[PDB]
Amino acid sequence: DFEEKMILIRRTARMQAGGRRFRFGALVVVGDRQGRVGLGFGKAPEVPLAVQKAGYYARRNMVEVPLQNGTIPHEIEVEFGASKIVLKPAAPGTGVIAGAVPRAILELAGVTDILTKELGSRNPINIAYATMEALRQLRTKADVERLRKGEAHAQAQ
RNA sequence: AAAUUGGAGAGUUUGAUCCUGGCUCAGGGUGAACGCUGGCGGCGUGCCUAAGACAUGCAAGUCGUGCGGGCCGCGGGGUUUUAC
Ligand SMILES: [Mg+2]
Ligand SMILES: [Mg+2]
Ligand SMILES: [Mg+2]
Ligand SMILES: [Mg+2]
Ligand SMILES: [Mg+2]
Ligand SMILES: [Mg+2]
Ligand SMILES: [Mg+2]
Ligand SMILES: [Mg+2]
Ligand SMILES: [Mg+2]
Ligand SMILES: [Mg+2]
Ligand SMILES: [Mg+2]
Ligand SMILES: [Mg+2]
Ligand SMILES: [Mg+2]
Numbered sequence: 005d006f007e008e009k010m011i012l013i014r015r016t017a018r019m020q021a022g023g024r025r026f027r028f029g030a031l032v033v034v035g036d037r038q039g040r041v042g043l044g045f046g047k048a049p050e051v052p053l054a055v056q057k058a059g060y061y062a063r064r065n066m067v068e069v070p071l072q073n074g075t076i077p078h079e080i081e082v083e084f085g086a087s088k089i090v091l092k093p094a095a096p097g098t099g100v101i102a103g104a105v106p107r108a109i110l111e112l113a114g115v116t117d118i119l120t121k122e123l124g125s126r127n128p129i130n131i132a133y134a135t136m137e138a139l140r141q142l143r144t145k146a147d148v149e150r151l152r153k154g155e156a157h158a159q160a161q
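Heads up: the first sequence begins at 5 in the entry's author numbering, then just goes up one per residue.
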């Protein structure tokens, strides 16, 4: 029970003697606007069917974004193939200043203020993935402190 | 140049795809010009070209408490032919 978004829809061709033969691809985001978002890419031979598919997939591929007051805990830059996303967190009332794709993903995550640039290939699908991977990677003076102290944590805390 | 105050992309090579890569667009700006249209005010601002040629008018004068005198006169005096 999340909101869904359409990143993008495309049509694609095979070949058989006597014609092209088509298939559809849907890129779908799914969020609960409070720190959980999932991305799904589904292909079927019919467009709405593909989206259904896509939506199913999205919910299985879910990522808990640690939102820190409308924004993300530190800056971060992530490459995926040719494509590369940068996420710089921002102050209140800044807005999601991000491209076409990352926005949709960020918005449904529950993010409200954040800085962004795409870089390298701009391909939707990889930018989609680079963003989801970027968010999959964020940590906290908390998340981090446990990793480093860790090996005797709870002596100082 | 004292809240980390700040960063959006899209179209286009293929039957489709990923990359490379160039082309192109949306933004902001002007000592602007051109089209269509044009009610009022305030503040700015107006030869970017031939540093080409220039009619006319004005654009640096002032001091008589530094000094003598020409011209046109006003008074007021002394005085050898009523001129000095
Ligand atoms: Mg986490
Ligand atoms: Mg690379
Ligand atoms: Mg902050
Ligand atoms: Mg490129
Ligand atoms: Mg491009
Ligand atoms: Mg070729
Ligand atoms: Mg074609
Ligand atoms: Mg303009
Ligand atoms: Mg007119
Ligand atoms: Mg001239
Ligand atoms: Mg000139
Ligand atoms: Mg002259
Ligand atoms: Mg004197």
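The C-beta atom is built at its ideal place from N, Cα and C for all residues, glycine as well.
Contacting residues, own chain, Cβ-Cβ under 7 Å from residue i (five flanking each side not counted)
i      : result
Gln141 : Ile80 and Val82
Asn65  : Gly42, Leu43 and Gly44
Integer-rounded CB distance, given that residue j should sit under 8 Å from residue i
i      : j     : result
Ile129 : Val41 : 16 Å between Cβ atoms; not a contact.
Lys47  : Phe26 : No, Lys47 and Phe26 are not in contact; Cβ-Cβ is about 11 Å, not under 8 Å.
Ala58  : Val32 : 4 Å
Rounded C-alpha distance that separates residue i from residue j
i      : j      : result
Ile118 : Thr144 : 16 Å
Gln161 : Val148 : 14 Å
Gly114 : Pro49  : 32 Å
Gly44  : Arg15  : 17 Å
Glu111 : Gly22  : 45 Å
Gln159 : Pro70  : 26 Å
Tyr60  : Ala156 : 42 Å
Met10  : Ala146 : 34 Å
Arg107 : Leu151 : 30 Å
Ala95  : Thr75  : 7 Å
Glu8   : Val55  : 10 Å
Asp36  : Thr116 : 13 Å
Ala132 : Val105 : 6 Å
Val67  : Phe6   : 13 Å
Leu12  : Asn127 : 11 Å
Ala62  : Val34  : 6 Å
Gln20  : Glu122 : 38 Å
Beta-bridge partners of residue i, as assigned by DSSP
i      : result
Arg27  : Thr16
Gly154 : Bridge partners of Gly154: none, in fact.
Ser87  : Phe84 and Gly124
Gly46  : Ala30
Cutoff 6 Å; reference residue i; Cβ partners in own chain excluding five residues on either side
i           : result
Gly85       : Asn130
residue 171 : Summary: the structure shown does not reach residue 171, with the chain confined to residues 5 through 161, and so no result is reported for it.
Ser125      : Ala86 and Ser87
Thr98       : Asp117
Contact set for residue i: own chain, Cβ-Cβ below 8 Å, skip 5 residues either direction
i      : result
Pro52  : none
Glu137 : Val82 and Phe84
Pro93  : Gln72, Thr75, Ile76, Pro77, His78, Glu79, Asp117, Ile118 and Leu119
Counting by C-beta, which residues lie closer than 7 Å to a heavy atom of ligand 4, in chain order?
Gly124 and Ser125
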